[PDB]
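Colleague:
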Amino acid sequence: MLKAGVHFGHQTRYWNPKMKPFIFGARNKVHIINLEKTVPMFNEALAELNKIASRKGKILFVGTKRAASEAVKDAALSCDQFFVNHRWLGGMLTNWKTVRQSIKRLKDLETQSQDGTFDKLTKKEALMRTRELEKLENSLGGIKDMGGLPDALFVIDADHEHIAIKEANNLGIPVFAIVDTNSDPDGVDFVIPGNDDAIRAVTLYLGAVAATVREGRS
Amino acid sequence: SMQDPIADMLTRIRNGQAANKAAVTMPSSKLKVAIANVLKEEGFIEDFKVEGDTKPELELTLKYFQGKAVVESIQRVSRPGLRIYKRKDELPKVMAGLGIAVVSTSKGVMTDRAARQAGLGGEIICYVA
Amino acid sequence: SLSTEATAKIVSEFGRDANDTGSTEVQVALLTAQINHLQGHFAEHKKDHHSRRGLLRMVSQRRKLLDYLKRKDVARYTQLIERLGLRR
RNA sequence: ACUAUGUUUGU
RNA sequence: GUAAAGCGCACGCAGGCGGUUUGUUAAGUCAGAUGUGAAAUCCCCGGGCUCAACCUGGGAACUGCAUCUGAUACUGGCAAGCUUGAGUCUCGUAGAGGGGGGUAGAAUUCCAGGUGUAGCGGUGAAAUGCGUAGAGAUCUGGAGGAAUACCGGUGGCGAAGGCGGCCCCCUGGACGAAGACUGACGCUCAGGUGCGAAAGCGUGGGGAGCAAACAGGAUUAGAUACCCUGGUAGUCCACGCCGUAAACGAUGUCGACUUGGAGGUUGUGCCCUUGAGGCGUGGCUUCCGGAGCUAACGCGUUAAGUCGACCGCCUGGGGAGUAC
Ligand SMILES: CN[C@@H]1[C@@H](O[C@H]2O[C@H](CO)[C@@H](N)[C@H](O)[C@H]2O)O[C@H]2C[C@@H](N)[C@@H](O[C@H]3[C@H](O)[C@@H](O)[C@H](N)C[C@@H]3N)O[C@@H]2[C@@H]1O
Ligand SMILES: CN[C@@H]1[C@@H](O[C@H]2O[C@H](CO)[C@@H](N)[C@H](O)[C@H]2O)O[C@H]2C[C@@H](N)[C@@H](O[C@H]3[C@H](O)[C@@H](O)[C@H](N)C[C@@H]3N)O[C@@H]2[C@@H]1O
Ligand SMILES: [Mg+2]
Ligand SMILES: [Mg+2]
Ligand SMILES: [Mg+2]
Ligand SMILES: [Mg+2]
Ligand SMILES: [Mg+2]
Ligand SMILES: [Mg+2]
Ligand SMILES: [Mg+2]
Ligand SMILES: [Mg+2]
Ligand SMILES: [Mg+2]
Ligand SMILES: [Mg+2]
Ligand SMILES: [Mg+2]
Ligand SMILES: [Mg+2]
Ligand SMILES: [Mg+2]
Ligand SMILES: [Mg+2]
Ligand SMILES: [Mg+2]
Ligand SMILES: [Mg+2]
Ligand SMILES: [Mg+2]
Ligand SMILES: [Mg+2]
Ligand SMILES: [Mg+2]
Ligand SMILES: [Mg+2]
Ligand SMILES: [Mg+2]
Ligand SMILES: [Mg+2]
Ligand SMILES: [Mg+2]
Ligand SMILES: [Mg+2]
Ligand SMILES: [Mg+2]
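Protein chains in written order, with the deposited numbering: chain b, 8 to 225; chain h, 1 to 129; chain o, 1 to 88.
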């Protein structure tokens with residue numbers, strides 16, 4: 008078990024009928040995930056994540072909602088993996104050869120800001136490049152050092168980050184998503200039922216994933 | 001108004017496979033049981049049982065392979081509005097032999113391959129690819 | 001129409017017992033009683049087409065029941081029609 | 001308030 | 001569905017099709033045999049004209065038909081059943097379902113009268129029109145016809161067309177609960193029959209309002225219109241015709257199966273009914289949407305999805321739903 012109490016699914020009216028196997032008898036117009044079926048799938052998801060981390064793969068932590076942005080960022084940094092915690096860019100994966108130029112621009116401004124020419128030039132255009140920086144960094148900071156396509160994708164909300172999932176699907180990248188009762192577990196290669204918005208649940212998922220890939224890097 | 005219980009049985013299988021259901025239940029008849037026997041021996045369905053005493057309910061266990069329905073095509077041939085009878089030398093080959101044609105012969109319900117071996121023709125009940 | 005007492009009298013007098021309300025003879029007798037009873041209503045209300053449809057439904061049902069009874073066993077069929085006053 | 005019409009034929 | 005194409009709707013004969021079990025038959029079906037299926041032709045191996053065309057040997061084929069023997073799973077026939085389909089009975093429910101009577105209130109118009117006075121009415125603006133013969137406005141009384149404000153609701157009922165003030169009488173259908181009963185009695189339906197908006201027609205009534213036609217005034221280049229002032233048929237009733245509508249969901253009927261969400265209406269079971277509540281279960285309905293389907297739009301358990309039965313209809317645009 009090791010996770011009960013923290014997560015309870017969405018209201019019944021928003022339930023995806025493809026979540027019925029993982030639903031355990033909604034209590035009061037609120038669906039209850041079958042944790043007895045959650046424990047094995049989550050373990051096999053963690054097991055597979057460990058295996059690809061053993062193959063020295065890259066795991067992208069995709070959580071974009073405000074309640075989980077910082078949790079995704081810290082967990083990925085703690086396990087020295089990459090992440091996207093703000094708005095997912097359409098084509099982050101499928102249009103990599105274009106977003107690659109954008110992270111290159113971000114890296115150049117990073118050198119310019121800290122050590123390059125950033126105060127030896129006109130001030131209005133100086134902070135123009137400054138304000139461009141955090142915009143380009145809060146969108147691409149978590150994937151500055153990817154150097155390519157990732158080998159795995161861990162998603163907090165399946166339906167919310169549906170764009171990322173289908174970007175991984177057509178690229179052939181396995182997806183590990185926390186699929187709640189209102190999401191379609193179709194594009195997910197390793198479905199993990201559970202809450203996608205509760206702070207305690209998300210940190211618990213991220214801590215387990217962060218630990219598991221760390222042991223995979225050994 | 002339910003004038004083809006055999007096609008109803010095939011449709012329940014076809015709709016059950018499309019809906020990814022584990023089992024499909026239907027009113028039972030000995031012709032349906034004979035057809036279900038052929039399907040089970042050919043590997044299209046896992047199993048069937050005929051529970052019930054005066055109103056028997058035949059329930060078939062559908063079979064899925066790699067997340068896909070095993071029965072891709074199931075099509076009634078000899079419908080009540082048009083009966084199809086084939087002689088032995090003109091029995092149909094379904095999917096060039098990769099499928100079966102359920103045939104009702106004087107020696108019982110069998111596949112087109114079994115009927116060819118027995119040297120018999122008969123009524124072409126359905127194609128199962 | 002065809003009040004409970006009128007219905008109860010017909011089934012007892014055309015059926016085996018008081019619960020044999022589904023027999024073809026009972027059904028034909030019940031339809032015949034209602035058809036005859038509605039005859040007075042439609043003599044006065046000749047423009048009541050919507051009620052005529054229910055009456056013609058009774059006539060069609062009685063005809064089909066009588067055809068079934070004739071096909072099944074003619075002896076009861078002949079007995080029933082002379083007892084009810086049928087065949088035009 | 002309430003007007004009508006716009007010759008034929010091409011690249 | 002929108003490209004051509006679902007009859008306006010229904011009942012229903014013939015016909016087509018038909019739940020489930022057993023027995024029997026062997027008609028359909030299947031198997032075998034035998035006979036026949038002229039030769040030529042076609043086709044396949046050959047052979048002869050120097051080759052080819054052509055000629056020619058043999059074989060295959062002639063997919064058919066008939067007879068005999070056999071098989072009996074399915075369809076059919078016959079017999080006996082069974083209960084699921086279908087129907088009957090018991091209790092109850094909702095409803096603008098239909099037909100026939102009666103009645104109420106508001107309003108319009110008209111008639112008579114009182115007060116009162118110079119406008120009223122109408123329009124984009126006007127004018128025609130009405131008004132000192134007393135209008136319009138206001139009040140009282142009366143007559144008459146028609147329709148039923150609010151309720152009223154992608155509410156309900158009906159096969160469809162359609163149906164809403166209230167009351168009574170006669171009457172149809174639907175649905176639900178629990179049982180009992182009959183024991184495929186079913187589905188569809190060419191011909192046939194019935195119903196079938198409005199307009200229209202006939203006979204007889206009625207006639208307030210509205211209003212084709214028509215008249216006048218405008219507008220306009222013209223205005224056989226739109227607008228205004230009137231106004232006949234008609235609209236109303238009874239009976240009898242007609243039988244057509246974008247009679248539409250542009251979607252035939254019946255049956256089965258196939259994720260969901262949010263409502264409405266109408267029953268019904270259980271439970272904490274604590275109170276309009278919760279959990280089921282029906283019928284009918286609205287919106288959205290999944291798979292699937294679709295040319296797309298979109299449909300999507302009320303399918304345009306997956307199937308089965310039967311019917312109707314289409315085969316480029318016009319000519320023409322016209323002529324005969
Ligand atoms: C409840 N189903 C509806 C159906 O109902 C009809 O058949 C039912 C049978 O029981 C009747 N109960 C009902 O009274 C009757 O109306 O009418 C059709 C009409 C059709 N043009 C379309 O319109 C859609 C448009 O095509 C689309 O463009 C628009 N966006 C939405 C419309 N619904 O979809 C509806 C819808 O399929
Ligand atoms: C308990 N709440 C309601 C109940 O009210 C009654 O329930 C009990 C009787 O059973 C009584 N004891 C109780 O006092 C009374 O309150 O009536 C039913 C009627 C049923 N056709 C259905 O309609 C809904 C359906 O879901 C569907 O038909 C539609 N979508 C929406 C309808 N409201 O759901 C309601 C709902 O269950
Ligand atoms: Mg001109
Ligand atoms: Mg058109
Ligand atoms: Mg068309
Ligand atoms: Mg129609
Ligand atoms: Mg009919
Ligand atoms: Mg018939
Ligand atoms: Mg049968
Ligand atoms: Mg024979
Ligand atoms: Mg030669
Ligand atoms: Mg030969
Ligand atoms: Mg010959
Ligand atoms: Mg037989
Ligand atoms: Mg038989
Ligand atoms: Mg009996
Ligand atoms: Mg006809
Ligand atoms: Mg008529
Ligand atoms: Mg009229
Ligand atoms: Mg007239
Ligand atoms: Mg006028
Ligand atoms: Mg027409
Ligand atoms: Mg209409
Ligand atoms: Mg039409
Ligand atoms: Mg929809
Ligand atoms: Mg369609
Ligand atoms: Mg004509």
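Where a beta carbon is used, it is the ideal one built from N, C-alpha and C, also for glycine.
So what does DSSP say about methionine 58/o, is it helix, strand or coil?
Modeller: Reduced to three states, the DSSP call for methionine 58/o is helix.
Colleague: Among the candidates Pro200/b, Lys10/b, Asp193/b, whose CA atom is the shortest distance from the CA of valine 186/b?
Modeller: Minimum Cα distance to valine 186/b is reached at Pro200/b.
Colleague: Applying the 10 Å Cβ sphere with the 16-neighbour rule, what's the burial state of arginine 20/b?
Modeller: Under this definition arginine 20/b is an exposed residue.
Colleague: I want to know whether the region 27-36 of chain h touches the region 79-90 of chain b - three or more CB-CB distances under 8 Å.
Modeller: Touching, no, given that fewer than three Cβ pairs across the two stretches are closer than 8 Å.
Colleague: Leaving out five residues before and five after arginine 79/h in sequence, what residues of the same chain have Cβ atoms less than 8 Å from its Cβ?
Modeller: Once the five neighbours on either side are set aside, the close Cβ partners of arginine 79/h are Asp4, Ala7.
Colleague: Determine the closest residue to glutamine 17/h out of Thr54/h, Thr61/h, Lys40/h, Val33/h, with distance taken between C-alpha atoms.
Modeller: Selected option, being the one with the closest Cα: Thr61/h.
Colleague: Who are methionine 110/h's beta bridge partners in DSSP?
Modeller: Answer by DSSP bridge pairing, in chain order: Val103/h.
Colleague: Quick check: the Cα distance between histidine 17/b and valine 220/b, rounded to an integer number of angstroms?
Modeller: Spanning the two alpha carbons is a distance of roughly 29 Å.
Colleague: Run through the DSSP bridge pairs and tell me what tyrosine 127/h is partnered with.
Modeller: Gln75/h, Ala101/h.
Colleague: Which residue comes first and which comes last in the alpha helix (DSSP H) that contains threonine 78/o?
Modeller: Start and end: 74-84.
Colleague: Give the single residue among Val128/h, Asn20/h, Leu10/h whose Cα lies nearest to the Cα of residue 176/h.
Modeller: In the structure as shown, chain h begins at 1 and stops at 129. Residue 176/h is therefore absent and cannot be evaluated.
Colleague: Can you grab the Cα-Cα spacing for the pair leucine 84/o / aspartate 53/h, in whole Å?
Modeller: Answer to the nearest angstrom: the Cα atoms are 41 Å apart.
Colleague: Measuring alpha carbon to alpha carbon, tell me which residue in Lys21/h, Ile100/h, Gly99/h is nearest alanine 69/h.
Modeller: Of the candidates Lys21/h, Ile100/h, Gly99/h, the one whose C-alpha sits nearest the C-alpha of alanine 69/h is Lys21/h.
Colleague: Quick one: Cα of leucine 56/o to Cα of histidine 49/o, how far?
Modeller: Roughly 10 Å separates the two Cα atoms.
Colleague: Taking C-alpha atoms, which residue in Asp191/b, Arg138/b, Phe197/b lies nearest to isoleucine 180/b?
Modeller: The residue with the shortest Cα to Cα distance from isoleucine 180/b is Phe197/b.
Colleague: Indicate the three-state DSSP secondary structure (helix, strand or coil) for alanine 22/h in the structure shown.
Modeller: Coil at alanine 22/h, not helix or strand.
Colleague: Considering only their Cβ atoms, is the gap separating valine 182/b from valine 195/b smaller than 8 Å?
Modeller: Against a cut-off of 8 Å, the Cβ pair of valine 182/b and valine 195/b comes out as a contact.
Colleague: With distance defined between alpha-carbon atoms, name the residue in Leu178/b, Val209/b, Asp191/b nearest to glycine 98/b.
Modeller: The candidate whose alpha carbon is nearest that of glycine 98/b is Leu178/b.
Colleague: Determine the contact status of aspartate 193/b and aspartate 166/b, defining contact as a CB-CB distance below 8 Å.
Modeller: Not closer than 8 Å, so no.
Colleague: In the DSSP assignment, find the alpha helix (DSSP H) that holds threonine 219/b and state where it starts and stops.
Modeller: Note, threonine 219/b: alpha helix (DSSP H), 206-223.
Colleague: Taking 7 Å as the limit between beta carbons, can you name the residues of its chain near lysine 151/b, skipping five residues before and five after?
Modeller: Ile110, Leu113, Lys114.
Colleague: Report, in whole angstroms, the separation of the C-beta atoms of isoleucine 66/b and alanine 159/b, which I expect to be a contact under 8 Å.
Modeller: Rounded, the Cβ-Cβ distance is 5 Å, consistent with contact.
Colleague: Give the straight-line distance between the Cα atoms of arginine 83/h and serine 106/h, rounded to the nearest whole angstrom.
Modeller: Looking at the two C-alpha atoms, the distance is approximately 16 Å.
Colleague: For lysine 72/b and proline 157/b, what's the separation of their Cα atoms in angstroms?
Modeller: Their backbone Cα atoms lie some 21 Å apart in a straight line.
Colleague: Is DSSP giving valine 182/b helix, strand or coil here?
Modeller: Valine 182/b: strand per DSSP, three-state reduction.
Colleague: Hey, how far is the Cα of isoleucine 125/h from the Cα of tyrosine 64/h?
Modeller: Approximately 23 Å between the Cα atoms of the pair.
Colleague: Quick check on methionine 95/h: buried or exposed, where buried means 16 or more other Cβ atoms within 10 Å of its Cβ?
Modeller: By the neighbour-count rule (16 or more Cβ atoms within 10 Å), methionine 95/h is not buried but exposed.
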